[PDB]
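**Q** Next comes the structure file final14.pdb, holding PDB, C-alpha atoms (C1' of nucleotides).
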ATOM      1  CA  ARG A   8     -79.798 -16.335  23.934
ATOM      2  CA  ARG A   9     -77.153 -15.032  21.534
ATOM      3  CA  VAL A  10     -74.537 -12.310  21.915
ATOM      4  CA  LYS A  11     -75.739  -8.896  20.784
ATOM      5  CA  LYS A  12     -74.473  -5.302  20.791
ATOM      6  CA  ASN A  13     -75.822  -1.760  20.889
ATOM      7  CA  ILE A  14     -73.425   0.299  18.796
ATOM      8  CA  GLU A  15     -74.392   3.748  17.562
ATOM      9  CA  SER A  16     -71.756   5.085  15.147
ATOM     10  CA  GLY A  17     -71.573   2.262  12.637
ATOM     11  CA  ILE A  18     -69.496   2.557   9.472
ATOM     12  CA  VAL A  19     -71.542   1.971   6.352
ATOM     13  CA  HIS A  20     -69.463   0.072   3.802
ATOM     14  CA  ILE A  21     -71.403   0.275   0.560
ATOM     15  CA  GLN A  22     -69.666  -0.817  -2.634
ATOM     16  CA  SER A  23     -71.402   0.167  -5.835
ATOM     17  CA  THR A  24     -69.892  -1.991  -8.517
ATOM     18  CA  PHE A  25     -70.595  -1.502 -12.174
ATOM     19  CA  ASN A  26     -73.020  -4.403 -12.000
ATOM     20  CA  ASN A  27     -74.130  -4.695  -8.340
ATOM     21  CA  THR A  28     -73.807  -3.087  -4.883
ATOM     22  CA  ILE A  29     -73.232  -4.374  -1.369
ATOM     23  CA  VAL A  30     -74.857  -2.346   1.381
ATOM     24  CA  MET A  31     -73.090  -2.989   4.690
ATOM     25  CA  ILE A  32     -73.155  -1.401   8.151
ATOM     26  CA  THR A  33     -70.090  -1.934  10.213
ATOM     27  CA  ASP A  34     -68.377  -1.699  13.611
ATOM     28  CA  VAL A  35     -65.752   0.803  14.735
ATOM     29  CA  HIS A  36     -62.901  -0.674  12.675
ATOM     30  CA  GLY A  37     -65.096  -2.796  11.824
ATOM     31  CA  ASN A  38     -67.240  -5.789  11.160
ATOM     32  CA  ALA A  39     -70.784  -5.997   9.893
ATOM     33  CA  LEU A  40     -73.697  -7.878  11.397
ATOM     34  CA  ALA A  41     -76.311  -5.660   9.748
ATOM     35  CA  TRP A  42     -75.339  -5.801   6.087
ATOM     36  CA  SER A  43     -76.719  -6.872   2.725
ATOM     37  CA  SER A  44     -76.413  -6.306  -0.999
ATOM     38  CA  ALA A  45     -78.623  -5.652  -3.932
ATOM     39  CA  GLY A  46     -77.795  -9.168  -5.098
ATOM     40  CA  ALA A  47     -78.792 -10.494  -1.708
ATOM     41  CA  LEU A  48     -82.262  -9.777  -3.002
ATOM     42  CA  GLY A  49     -83.019 -11.709  -6.159
ATOM     43  CA  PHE A  50     -82.667  -8.758  -8.562
ATOM     44  CA  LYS A  51     -80.533 -10.739 -11.000
ATOM     45  CA  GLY A  52     -80.827  -9.624 -14.627
ATOM     46  CA  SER A  53     -81.152  -6.098 -15.965
ATOM     47  CA  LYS A  54     -82.413  -5.275 -12.455
ATOM     48  CA  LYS A  55     -78.938  -5.673 -10.947
ATOM     49  CA  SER A  56     -78.225  -1.929 -10.659
ATOM     50  CA  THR A  57     -81.569  -0.218 -10.918
ATOM     51  CA  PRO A  58     -81.046   2.684  -8.488
ATOM     52  CA  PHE A  59     -84.419   2.421  -6.705
ATOM     53  CA  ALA A  60     -83.723  -1.270  -6.238
ATOM     54  CA  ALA A  61     -80.452   0.066  -4.844
ATOM     55  CA  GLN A  62     -82.575   2.377  -2.701
ATOM     56  CA  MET A  63     -84.310  -0.615  -1.147
ATOM     57  CA  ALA A  64     -80.943  -2.379  -0.907
ATOM     58  CA  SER A  65     -79.715   0.689   0.957
ATOM     59  CA  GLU A  66     -82.912   0.505   3.000
ATOM     60  CA  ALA A  67     -83.092  -3.131   4.075
ATOM     61  CA  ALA A  68     -79.811  -3.494   5.973
ATOM     62  CA  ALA A  69     -80.324   0.154   6.946
ATOM     63  CA  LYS A  70     -83.424  -0.826   8.879
ATOM     64  CA  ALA A  71     -81.649  -3.995   9.984
ATOM     65  CA  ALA A  72     -79.116  -1.718  11.717
ATOM     66  CA  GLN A  73     -81.600  -1.150  14.534
ATOM     67  CA  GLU A  74     -81.276  -4.780  15.567
ATOM     68  CA  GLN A  75     -77.985  -3.514  16.935
ATOM     69  CA  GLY A  76     -79.698  -0.192  17.591
ATOM     70  CA  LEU A  77     -77.725   2.472  15.743
ATOM     71  CA  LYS A  78     -79.044   5.728  14.292
ATOM     72  CA  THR A  79     -76.063   7.869  13.350
ATOM     73  CA  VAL A  80     -74.207   6.655  10.299
ATOM     74  CA  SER A  81     -70.511   6.725   9.445
ATOM     75  CA  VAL A  82     -70.927   6.251   5.733
ATOM     76  CA  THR A  83     -68.281   4.880   3.365
ATOM     77  CA  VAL A  84     -69.023   4.525  -0.362
ATOM     78  CA  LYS A  85     -66.610   2.807  -2.714
ATOM     79  CA  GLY A  86     -66.926   2.419  -6.463
ATOM     80  CA  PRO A  87     -69.327   3.982  -8.967
ATOM     81  CA  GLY A  88     -72.050   2.321 -10.998
ATOM     82  CA  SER A  89     -75.389   2.694 -12.769
ATOM     83  CA  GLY A  90     -77.425   2.594  -9.546
ATOM     84  CA  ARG A  91     -75.265   4.496  -7.077
ATOM     85  CA  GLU A  92     -77.149   7.760  -6.754
ATOM     86  CA  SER A  93     -80.596   6.818  -5.453
ATOM     87  CA  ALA A  94     -78.748   4.563  -3.044
ATOM     88  CA  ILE A  95     -76.755   7.626  -1.945
ATOM     89  CA  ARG A  96     -79.871   9.718  -1.393
ATOM     90  CA  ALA A  97     -81.480   6.565   0.019
ATOM     91  CA  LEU A  98     -79.145   6.117   2.950
ATOM     92  CA  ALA A  99     -79.037   9.883   3.136
ATOM     93  CA  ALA A 100     -82.775   9.431   3.822
ATOM     94  CA  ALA A 101     -83.078   5.958   5.385
ATOM     95  CA  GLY A 102     -84.024   6.788   8.957
ATOM     96  CA  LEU A 103     -80.374   7.692   9.478
ATOM     97  CA  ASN A 104     -78.204  10.663  10.473
ATOM     98  CA  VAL A 105     -76.105  11.383   7.341
ATOM     99  CA  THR A 106     -73.024  13.462   8.174
ATOM    100  CA  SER A 107     -70.042  11.784   6.514
ATOM    101  CA  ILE A 108     -70.332   9.985   3.177
ATOM    102  CA  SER A 109     -66.836   8.704   2.601
ATOM    103  CA  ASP A 110     -65.435   8.196  -0.883
ATOM    104  CA  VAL A 111     -62.811   5.464  -0.792
ATOM    105  CA  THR A 112     -62.502   4.263  -4.385
ATOM    106  CA  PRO A 113     -58.869   3.103  -4.608
ATOM    107  CA  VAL A 114     -56.652   4.456  -7.362
ATOM    108  CA  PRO A 115     -53.677   2.783  -9.104
ATOM    109  CA  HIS A 116     -51.003   4.640 -11.068
ATOM    110  CA  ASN A 117     -50.667   2.783 -14.388
ATOM    111  CA  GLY A 118     -50.866  -0.374 -12.331
ATOM    112  CA  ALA A 119     -51.714  -3.884 -13.456
ATOM    113  CA  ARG A 120     -52.965  -4.389 -16.981
ATOM    114  CA  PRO A 121     -56.738  -4.704 -17.153
ATOM    115  CA  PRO A 122     -58.177  -7.552 -19.212
ATOM    116  CA  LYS A 123     -57.914  -6.770 -22.872
ATOM    117  CA  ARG A 124     -59.776  -5.081 -25.720
ATOM    118  CA  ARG A 125     -63.469  -5.619 -24.822
TER     119      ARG A 125
ATOM    120  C1'   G B   1      -2.254  20.417 -61.103
ATOM    121  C1'   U B   2       1.703  23.373 -58.919
ATOM    122  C1'   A B   3       3.428  26.681 -55.407
ATOM    123  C1'   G B   4       0.806  31.210 -52.260
ATOM    124  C1'   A B   5      -2.635  34.053 -49.241
ATOM    125  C1'   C B   6      -7.349  35.221 -46.160
ATOM    126  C1'   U B   7     -11.590  33.499 -43.341
ATOM    127  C1'   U B   8     -15.436  34.625 -44.985
ATOM    128  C1'   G B   9     -17.798  27.229 -44.493
ATOM    129  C1'   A B  10     -16.470  23.450 -41.133
ATOM    130  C1'   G B  11     -14.659  22.314 -36.565
ATOM    131  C1'   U B  12     -11.871  23.590 -32.089
ATOM    132  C1'   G B  13     -11.603  27.618 -27.835
ATOM    133  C1'   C B  14     -14.494  30.880 -23.432
ATOM    134  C1'   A B  15     -20.041  31.925 -21.338
ATOM    135  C1'   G B  16     -25.048  30.108 -21.034
ATOM    136  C1'   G B  17     -28.829  26.758 -20.518
ATOM    137  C1'   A B  18     -31.862  22.502 -21.762
ATOM    138  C1'   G B  19     -34.121  17.805 -22.053
ATOM    139  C1'   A B  20     -38.272  10.605 -21.288
ATOM    140  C1'   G B  21     -30.328  11.038 -24.626
ATOM    141  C1'   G B  22     -27.885   6.305 -23.235
ATOM    142  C1'   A B  23     -25.812   2.902 -19.656
ATOM    143  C1'   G B  24     -25.419   1.038 -14.774
ATOM    144  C1'   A B  25     -26.257   1.364  -9.110
ATOM    145  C1'   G B  26     -29.995   1.772  -5.738
ATOM    146  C1'   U B  27     -34.655   3.739  -3.142
ATOM    147  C1'   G B  28     -40.635   5.310  -2.400
ATOM    148  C1'   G B  29     -45.832   5.147  -2.694
ATOM    149  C1'   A B  30     -50.527   3.974  -4.713
ATOM    150  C1'   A B  31     -52.792  -0.248  -6.934
ATOM    151  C1'   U B  32     -53.558  -5.770  -8.191
ATOM    152  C1'   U B  33     -53.321 -10.819  -6.474
ATOM    153  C1'   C B  34     -52.297 -14.026  -2.590
ATOM    154  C1'   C B  35     -50.770 -15.905   3.437
ATOM    155  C1'   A B  36     -53.294 -15.393   8.128
ATOM    156  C1'   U B  37     -56.956 -12.484   9.882
ATOM    157  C1'   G B  38     -62.006  -9.632  12.734
ATOM    158  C1'   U B  39     -67.118 -11.759  11.997
ATOM    159  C1'   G B  40     -71.100 -12.223   9.303
ATOM    160  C1'   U B  41     -74.128 -14.495   5.572
ATOM    161  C1'   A B  42     -74.928 -16.505  -0.121
ATOM    162  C1'   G B  43     -72.876 -14.261  -2.383
ATOM    163  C1'   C B  44     -69.985 -12.590  -6.592
ATOM    164  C1'   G B  45     -69.256 -13.114 -12.092
ATOM    165  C1'   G B  46     -70.921 -11.415 -16.816
ATOM    166  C1'   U B  47     -73.864  -9.455 -20.509
ATOM    167  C1'   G B  48     -79.145  -8.307 -23.860
ATOM    168  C1'   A B  49     -79.097 -12.279 -19.838
ATOM    169  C1'   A B  50     -77.354 -16.780 -17.967
ATOM    170  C1'   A B  51     -75.252 -21.190 -18.306
ATOM    171  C1'   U B  52     -69.975 -20.834 -17.704
ATOM    172  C1'   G B  53     -68.431 -21.155 -12.747
ATOM    173  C1'   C B  54     -66.311 -20.376  -7.939
ATOM    174  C1'   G B  55     -68.372 -20.533  -3.386
ATOM    175  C1'   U B  56     -71.913 -22.908   2.511
ATOM    176  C1'   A B  57     -65.424 -26.992   3.948
ATOM    177  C1'   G B  58     -70.135 -20.076   5.600
ATOM    178  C1'   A B  59     -66.777 -17.093   2.164
ATOM    179  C1'   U B  60     -66.903 -12.724  -0.951
ATOM    180  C1'   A B  61     -67.575  -8.316   1.221
ATOM    181  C1'   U B  62     -65.747  -5.988   5.335
ATOM    182  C1'   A B  63     -61.259  -4.866   9.855
ATOM    183  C1'   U B  64     -55.534  -5.657   9.505
ATOM    184  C1'   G B  65     -50.535  -6.803   8.880
ATOM    185  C1'   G B  66     -47.244  -9.816   5.522
ATOM    186  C1'   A B  67     -45.664 -11.601   0.717
ATOM    187  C1'   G B  68     -44.355 -10.911  -4.047
ATOM    188  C1'   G B  69     -44.025  -9.311  -9.543
ATOM    189  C1'   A B  70     -45.729  -5.470 -12.738
ATOM    190  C1'   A B  71     -46.076  -0.509 -13.937
ATOM    191  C1'   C B  72     -45.468   4.537 -12.069
ATOM    192  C1'   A B  73     -52.694   8.592 -13.292
ATOM    193  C1'   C B  74     -52.792  15.053 -12.921
ATOM    194  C1'   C B  75     -46.454  15.450 -14.383
ATOM    195  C1'   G B  76     -47.548  14.517 -19.925
ATOM    196  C1'   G B  77     -48.106  18.964 -24.215
ATOM    197  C1'   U B  78     -48.091  19.665 -31.948
ATOM    198  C1'   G B  79     -43.353  19.324 -25.590
ATOM    199  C1'   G B  80     -38.071  18.125 -25.533
ATOM    200  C1'   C B  81     -34.015  14.782 -26.673
TER     201        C B  81
END
Re-express the file's structure as structure tokens.

**A**
Amino acid sequence: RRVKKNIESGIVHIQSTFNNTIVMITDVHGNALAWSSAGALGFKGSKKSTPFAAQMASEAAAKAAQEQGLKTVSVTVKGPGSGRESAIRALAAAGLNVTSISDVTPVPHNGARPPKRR
RNA sequence: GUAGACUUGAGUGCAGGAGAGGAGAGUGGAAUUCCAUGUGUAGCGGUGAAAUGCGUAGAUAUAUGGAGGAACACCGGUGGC
């Protein structure tokens, strides 16, 4: 007896960090009910950005998107990593309708100093 | 040294351009972090890994606007000043 929706063109916010990756599926502006990460699953160690583990991370919330009931995907990828690519082909092949893989990695212009030497 | 001469060195004229040359007076965007904020769940961190820790007071992440400082990637180069 809880409030539910049937959206179709969700917006798939997936952030591949350089250690992990969230895999999220979003509303029209939006907000995510069907969403996860790699690190949601207990792959904590050297297994934090294995790309087939990222494939299943880009599969689990992907199949959880049909709780809402969406099939076409409005993909948005941010950030690179060491597990990004099989996640990319994963949600390109995750029972979905890949048409628009967005690339929204934000760019400074000699901005703030990063933390130092190593 | 003394008187003398000329430009043929220097500089001053008339024409050109050039630059991150200085010093002030302002403006713009990206980006970071933070104020609320959609609405959802443990996450994120880091490495060879984690304890560090923060965080369920339920958030990061994602939707927005605001705030502020910093600095201004290709331009940019054995380039110039």

**Q** Got a sec to pull out which chain B residues are within 12 Å of chain A, counting all atoms listed in the file, and send them as an MDAnalysis selection string?

**A** chainID B and resid 29:33 38:50 60:64 69:74

**Q** I'd like the residues picked by the PyMOL selection byres ((chain A and resi 89) around 12) written out as a ChimeraX atom specification, using the chain letters and numbers from the file.

**A** /A:23-28,53-61,86-88,90-95

**Q** May I ask for the distance between CA of residue 64 in chain A and CA of residue 80 in chain A, given in Å to one decimal place?

**A** 15.9 Å

**Q** State, in Å with one decimal place, the distance from CA of residue 82 in chain A to CA of residue 17 in chain A.

**A**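 Between CA of residue 82 in chain A and CA of residue 17 in chain A the gap is 8.0 Å.
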
**Q** One decimal, in Å: what's the spacing between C1' of residue 80 in chain B and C1' of residue 19 in chain B?

**A**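 Distance reported for this atom pair: 5.3 Å.
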
**Q** Apply the PyMOL selection byres ((chain B and resi 66) around 8) to the structure shown and report the selected residues as a list in words.

**A**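 So the PyMOL selection byres ((chain B and resi 66) around 8) ends up selecting residues 35, 65 and 67 of chain B.
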
**Q** Between B:5, B:34, B:10, B:15, which has the minimum distance to residue 68 in chain B (counting only C-alpha atoms (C1' of nucleotides))?

**A** B:34

**Q** Working from the structure I just supplied, which lacks atoms in range 9-23 of chain A, can you model N, CA, C and O atoms there and output them as a PDB file, in the coordinates of the input?

**A**
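Done, and the output landed in part00.pdb:
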ATOM      1  N   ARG A   9     -78.388 -15.254  22.272  1.00  0.00           N
ATOM      2  CA  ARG A   9     -77.153 -15.032  21.534  1.00  0.00           C
ATOM      3  C   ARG A   9     -76.557 -13.666  21.856  1.00  0.00           C
ATOM      4  O   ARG A   9     -77.241 -12.759  22.337  1.00  0.00           O
ATOM      5  N   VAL A  10     -75.257 -13.531  21.578  1.00  0.00           N
ATOM      6  CA  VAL A  10     -74.537 -12.310  21.915  1.00  0.00           C
ATOM      7  C   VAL A  10     -74.963 -11.186  20.985  1.00  0.00           C
ATOM      8  O   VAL A  10     -74.956 -11.328  19.756  1.00  0.00           O
ATOM      9  N   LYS A  11     -75.350 -10.055  21.573  1.00  0.00           N
ATOM     10  CA  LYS A  11     -75.739  -8.896  20.784  1.00  0.00           C
ATOM     11  C   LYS A  11     -75.034  -7.634  21.266  1.00  0.00           C
ATOM     12  O   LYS A  11     -74.389  -7.636  22.319  1.00  0.00           O
ATOM     13  N   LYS A  12     -75.148  -6.557  20.492  1.00  0.00           N
ATOM     14  CA  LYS A  12     -74.473  -5.302  20.791  1.00  0.00           C
ATOM     15  C   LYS A  12     -75.453  -4.158  20.589  1.00  0.00           C
ATOM     16  O   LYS A  12     -76.481  -4.306  19.921  1.00  0.00           O
ATOM     17  N   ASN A  13     -75.117  -3.008  21.170  1.00  0.00           N
ATOM     18  CA  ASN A  13     -75.822  -1.760  20.889  1.00  0.00           C
ATOM     19  C   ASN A  13     -74.768  -0.713  20.545  1.00  0.00           C
ATOM     20  O   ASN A  13     -74.370   0.092  21.389  1.00  0.00           O
ATOM     21  N   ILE A  14     -74.342  -0.712  19.291  1.00  0.00           N
ATOM     22  CA  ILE A  14     -73.425   0.299  18.796  1.00  0.00           C
ATOM     23  C   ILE A  14     -74.271   1.437  18.237  1.00  0.00           C
ATOM     24  O   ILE A  14     -75.467   1.283  17.983  1.00  0.00           O
ATOM     25  N   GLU A  15     -73.669   2.611  18.104  1.00  0.00           N
ATOM     26  CA  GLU A  15     -74.392   3.748  17.562  1.00  0.00           C
ATOM     27  C   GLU A  15     -73.748   4.321  16.313  1.00  0.00           C
ATOM     28  O   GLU A  15     -74.447   4.596  15.335  1.00  0.00           O
ATOM     29  N   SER A  16     -72.434   4.513  16.309  1.00  0.00           N
ATOM     30  CA  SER A  16     -71.756   5.085  15.147  1.00  0.00           C
ATOM     31  C   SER A  16     -71.149   3.983  14.277  1.00  0.00           C
ATOM     32  O   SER A  16     -69.937   3.785  14.223  1.00  0.00           O
ATOM     33  N   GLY A  17     -72.028   3.259  13.588  1.00  0.00           N
ATOM     34  CA  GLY A  17     -71.573   2.262  12.637  1.00  0.00           C
ATOM     35  C   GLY A  17     -70.929   2.900  11.421  1.00  0.00           C
ATOM     36  O   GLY A  17     -71.026   4.102  11.195  1.00  0.00           O
ATOM     37  N   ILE A  18     -70.230   2.083  10.639  1.00  0.00           N
ATOM     38  CA  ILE A  18     -69.496   2.557   9.472  1.00  0.00           C
ATOM     39  C   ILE A  18     -70.014   1.809   8.249  1.00  0.00           C
ATOM     40  O   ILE A  18     -69.851   0.589   8.138  1.00  0.00           O
ATOM     41  N   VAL A  19     -70.626   2.540   7.326  1.00  0.00           N
ATOM     42  CA  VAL A  19     -71.542   1.971   6.352  1.00  0.00           C
ATOM     43  C   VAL A  19     -70.802   1.657   5.064  1.00  0.00           C
ATOM     44  O   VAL A  19     -70.763   2.475   4.144  1.00  0.00           O
ATOM     45  N   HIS A  20     -70.218   0.472   4.982  1.00  0.00           N
ATOM     46  CA  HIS A  20     -69.463   0.072   3.802  1.00  0.00           C
ATOM     47  C   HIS A  20     -70.424  -0.334   2.705  1.00  0.00           C
ATOM     48  O   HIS A  20     -71.012  -1.413   2.742  1.00  0.00           O
ATOM     49  N   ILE A  21     -70.568   0.533   1.718  1.00  0.00           N
ATOM     50  CA  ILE A  21     -71.403   0.275   0.560  1.00  0.00           C
ATOM     51  C   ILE A  21     -70.510   0.343  -0.666  1.00  0.00           C
ATOM     52  O   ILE A  21     -69.894   1.383  -0.942  1.00  0.00           O
ATOM     53  N   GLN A  22     -70.425  -0.763  -1.392  1.00  0.00           N
ATOM     54  CA  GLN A  22     -69.666  -0.817  -2.634  1.00  0.00           C
ATOM     55  C   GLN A  22     -70.638  -0.886  -3.794  1.00  0.00           C
ATOM     56  O   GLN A  22     -71.355  -1.879  -3.958  1.00  0.00           O
ATOM     57  N   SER A  23     -70.673   0.173  -4.582  1.00  0.00           N
ATOM     58  CA  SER A  23     -71.402   0.167  -5.835  1.00  0.00           C
ATOM     59  C   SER A  23     -70.441  -0.341  -6.893  1.00  0.00           C
ATOM     60  O   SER A  23     -69.472   0.339  -7.234  1.00  0.00           O
TER      61      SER A  23
END
